[PDB]
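Protein chains in written order, with our numbering: chain Y, 12 to 500; chain S, 12 to 500.
Rendered as structure tokens:
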């Protein structure tokens, strides 16, 4: 029946491939202390990234192309191999889709389809504008407050943004008539998306238990002789977090205008739509009950380390409850494209970054930074280490690996050059946390918000580079003086 | 916007849960030489199966419920655990979706959507009826011939049925106006579906390289002192395979009537629709080219064991070629529900059967069958072993594990009780091959055909039980006399 093919932006392929090609040719003159495979992998990673930007063969197919290329040249087998004893050495692309962050995000997308189907979202959104609608900027503050209330409880930054904020924002945007992948986005949506991401960042920095990376930093420091605590993190990050909550949203309102800047007849609008929708129905009560149960189990996961509370299985039982209950049939979920799309591309990028951390790249970077800086005023050392960690998180995709590779070495450096361990450790932890303002594949939240459509990726990278400069300046300077204040040094 | 929930067949839950419950209560009086966990797992597996039959919460959500239950009671953690050295002991549900058969089938479904979109399928189907249409039964023979031509080349029974037959059959059925999940199926479709499955079985039995299980049997026999060869398998299975190709299709035509039994004006119809459709177009040529490339790489995979030819990565590069070419956009694939549905449920069932083979069930069955049969005429031994293997394949989901667990022991038994090794080995291999006529989760092909919709599962299990009785009788008796003929014993 069909006659013609589907349009494609072949032009984009010009940029990535070239780079990859280029880098292959540069292999023999690589920095050294390195292999040959590692540079091939670096090149293909850079190419896949440049493709994700240029948007040929949308992100899914592009990362699929990257997996294929990686498999074709002899960098990644398909099936896990063994050491003749049961160990694993060179993982395979099929051992990638068995990640946690991906399936967490996906099941959360399913929960969100259920929400936006039963109507709960439109209700809560009309409510949030009733209470904050006027001065649209307020919503920003609003939701960040929301995040600033949960971060202390929910240790999965992938959920805070996948099962709480993202649906709220989708609903609001569906209210003001701001649909994605259309010029109707700049009204209010993109602003809320961006502010929600950065609020999740602020939260994951404020409380220690906002994300695994911080737990890992605490573990490593303890391995080095410093006992982080729920309270010390808070007492150290309160000040800078307020500074950021005061700066960031304003600079965004000034840099990313929500074309709809005010609505004075809000309360009337919200109350009218409430009265017109009618009371809440059985399905909405069920879905809200399950959402509350999910929140409850997610928060329990922070106090009891039990398989039943992985912070992912909860979403699975949420989905199966929605299914067994009737609110949502499997035939619905199976056509929530965004979920499986994210699954695919996030998993593949994580696998590629894993191959990087494996083949020896990061170890070489560490040995290099260790053998380069020998005698300097340790302040410059902390500064350069902070910058390198931050602008290095690009080459990673999870954050956990980032800390477990480049936290202990950097801290050892800073303490072996004249500086104290406490300050350097807390600084590097805040850095490992605020990395997220670089890309779209850093942590789950970014993997969601910067892909749905409300935000072109160019603007994303640019704005986040700016805000990351700001975050570094603020945390470094302020947090340093405020730690020197309260008996840290 | 929505008001009411979605209909559900709660009644079905009556059967599975009960069984599960029942079996928990029977735990303390289990046969013995066994654990406690193993019986819990057996029970939950039986329950998930009974659910797949009764069709509450369609197969996807049901197996999801099974995974959830398995996780809730303390049988399967979510994240792979380690032995403090790097080994894996108790896999997790997330290490399940990293299977090969699943993603193979899924990417094949995507290829099939591309086919049925560009039109290739309608073309080839009108052609196949032009050449065989009259006497609809013929198509059966036709496609089995097709399989009987590929089995010697393609060592992935999951593809022969996922990338060659299934689309042909879908297209034909779309011709005679037989759409799934509707009383319009009994016209011609279900017959072709069933016959195609059983033809793939005949093929995988005919040539040794039709499926991994046979390779594994050859390996184990060699470990025991018998060198199977491409030619011996053929010379032994020719006769019974012809007998089956002559019996099975007829007994099916007599047991599962294709309500449309004949069409006399076929050739005219096919030529008319050809002339009306027009010549082949660029997209169809591209898709056929990629399909041929995929066939070629799949067949190469039989002679060169190379990561690039896993028999799964081929489908991945096929998909990404369809994508980069324009025949098929990622936004299309991402809404081919059947693919991800199969992914989910097949992967989960495989993981559950893996937990069974792990916790000690199968080892206990083997020790039992070994310590029970002590002194008997070895003919009865071979008979009972054949029957037990066959009707045991239920508790497995792949076939590979089935042979690697219950081939060497059974052969050792048969050779330690008066019988020869060659006959017993070849017999048990044919059994490990024809298992597939029991269920819907045995091997990939069944995982596809007996789920699309053309075939209710009740009829499937019943008919396949009958045909499995027939297969056992035929292979055992005939193949035995025909092996005793040609210098096997």
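Positions of the beta carbon are idealized from the N, C-alpha and C atoms, including for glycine.
{"Query": "Assumed close pair residue 136 of chain Y, residue 189 of chain Y - CB separation to whole angstroms, cut-off 8 Å", "Result": "Between residue 189 of chain Y and residue 136 of chain Y the Cβ distance is about 12 Å, and since that is not below 8 Å, they are no contact."}
{"Query": "Residue 18 of chain Y burial status per 10 Å Cβ neighbour count (16 or more: buried)", "Result": "exposed"}
{"Query": "Test item: CB-CB of residue 210 of chain S and residue 159 of chain S under 8 Å", "Result": "yes"}
{"Query": "Start-end ranges of the alpha helix (DSSP H) lying completely within the segment 173 to 218 of chain Y, minimum 4 residues", "Result": "177 to 186 and 200 to 217"}
{"Query": "Listed by chain order, chain S residues near residue 17 of chain Y by CB distance under 7 Å", "Result": "337 and 340"}
{"Query": "Beta-carbon contacts of residue 422 of chain S that lie in its chain and below 8 Å, excluding the five residues immediately before and after", "Result": "231, 232, 235, 432, 435, 436 and 439"}
{"Query": "Integer-rounded CB distance, given that residue 157 of chain Y should sit under 8 Å from residue 175 of chain Y", "Result": "7 Å"}
{"Query": "Residue of Y/225, Y/90 and Y/26 minimising C-alpha distance to residue 411 of chain Y", "Result": "Y/225"}
{"Query": "DSSP bridge partner residues for residue 99 of chain S (one or two, in chain order)", "Result": "S/93"}
{"Query": "Beta-carbon neighbours of residue 12 of chain S, restricted to chain Y and to distances below 7 Å", "Result": "130"}
{"Query": "Endpoints, alpha helix (DSSP H) assigned at residue 413 of chain S", "Result": "411 to 417"}
{"Query": "Close Cβ partners of residue 48 of chain Y (< 7 Å) along its chain, the five nearest in sequence each way excluded", "Result": "86 and 370"}
{"Query": "C-beta neighbour in chain S for residue 20 of chain Y, strict 8 Å", "Result": "no"}
{"Query": "Nearest-angstrom Cα separation, counted from residue 267 of chain Y out to residue 388 of chain Y", "Result": "39 Å"}
{"Query": "Contacts that residue 331 of chain S makes with chain Y (C-beta to C-beta distance below 7 Å)", "Result": "72, 75, 76 and 79"}
{"Query": "8 Å contact criterion, which residue 117 of chain Y and residue 351 of chain Y should meet: CB distance rounded", "Result": "7 Å"}
{"Query": "Run of the alpha helix (DSSP H) containing residue 375 of chain S, from where it starts to where it stops", "Result": "372 to 383"}
{"Query": "Chain Y within 8 Å of residue 59 of chain S, Cβ atoms only", "Result": "no"}
{"Query": "Residue 29 of chain S at chain Y interface by Cβ criterion, 8 Å", "Result": "no"}
{"Query": "Same chain, Cβ closer than 7 Å to residue 299 of chain S, five either side skipped, listed in chain order", "Result": "131"}
{"Query": "Cutoff 6 Å; reference residue 447 of chain S; Cβ partners in own chain excluding five residues on either side", "Result": "212, 453, 454 and 457"}
{"Query": "Exposure label - residue 321 of chain Y; buried when at least 16 CB within 10 Å", "Result": "buried"}
{"Query": "Exposure of residue 251 of chain Y, with buried meaning 16 or more beta-carbon neighbours within 10 Å", "Result": "buried"}
{"Query": "Nearest residue (CA-CA) to residue 129 of chain Y, options Y/368, Y/394, Y/499 and Y/343", "Result": "Y/343"}
{"Query": "Pair within 8 Å by beta-carbon distance, residue 52 of chain Y and residue 247 of chain Y", "Result": "no"}
{"Query": "Local conformation of residue 347 of chain Y per DSSP, three classes", "Result": "coil"}
{"Query": "Between the CA atoms of residue 461 of chain S and residue 272 of chain Y - distance to the nearest angstrom", "Result": "57 Å"}
{"Query": "Segment contact, 8 Å Cβ cut-off, at least three pairs: the segment 326 to 344 of chain S with the segment 107 to 121 of chain S", "Result": "yes"}
{"Query": "Neighbour-count burial assignment, residue 216 of chain S, 16 or more Cβ in a 10 Å radius", "Result": "buried"}
{"Query": "Rounded separation between residue 167 of chain S and residue 366 of chain Y - CA only", "Result": "29 Å"}
{"Query": "Coil, strand or helix - residue 500 of chain S by DSSP", "Result": "coil"}
{"Query": "Listed by chain order, chain Y residues near residue 215 of chain S by CB distance under 9 Å", "Result": "Per Cβ cutoff of 9 Å: no residues; residue 215 of chain S is ~21 Å from chain Y at best."}
{"Query": "Nearest candidate by alpha-carbon position, reference residue 450 of chain S, set S/110, S/192, S/142 and S/208", "Result": "S/208"}
{"Query": "Residues near residue 372 of chain S by beta carbon distance below 8 Å, same chain, minus five either side", "Result": "45, 49, 52, 53 and 406"}
{"Query": "Beta-carbon separation (whole angstroms), residue 112 of chain Y vs residue 169 of chain Y, contact threshold 8 Å", "Result": "5 Å"}
{"Query": "Distance CB(residue 106 of chain S)-CB(residue 359 of chain S) smaller than 8 Å", "Result": "no"}
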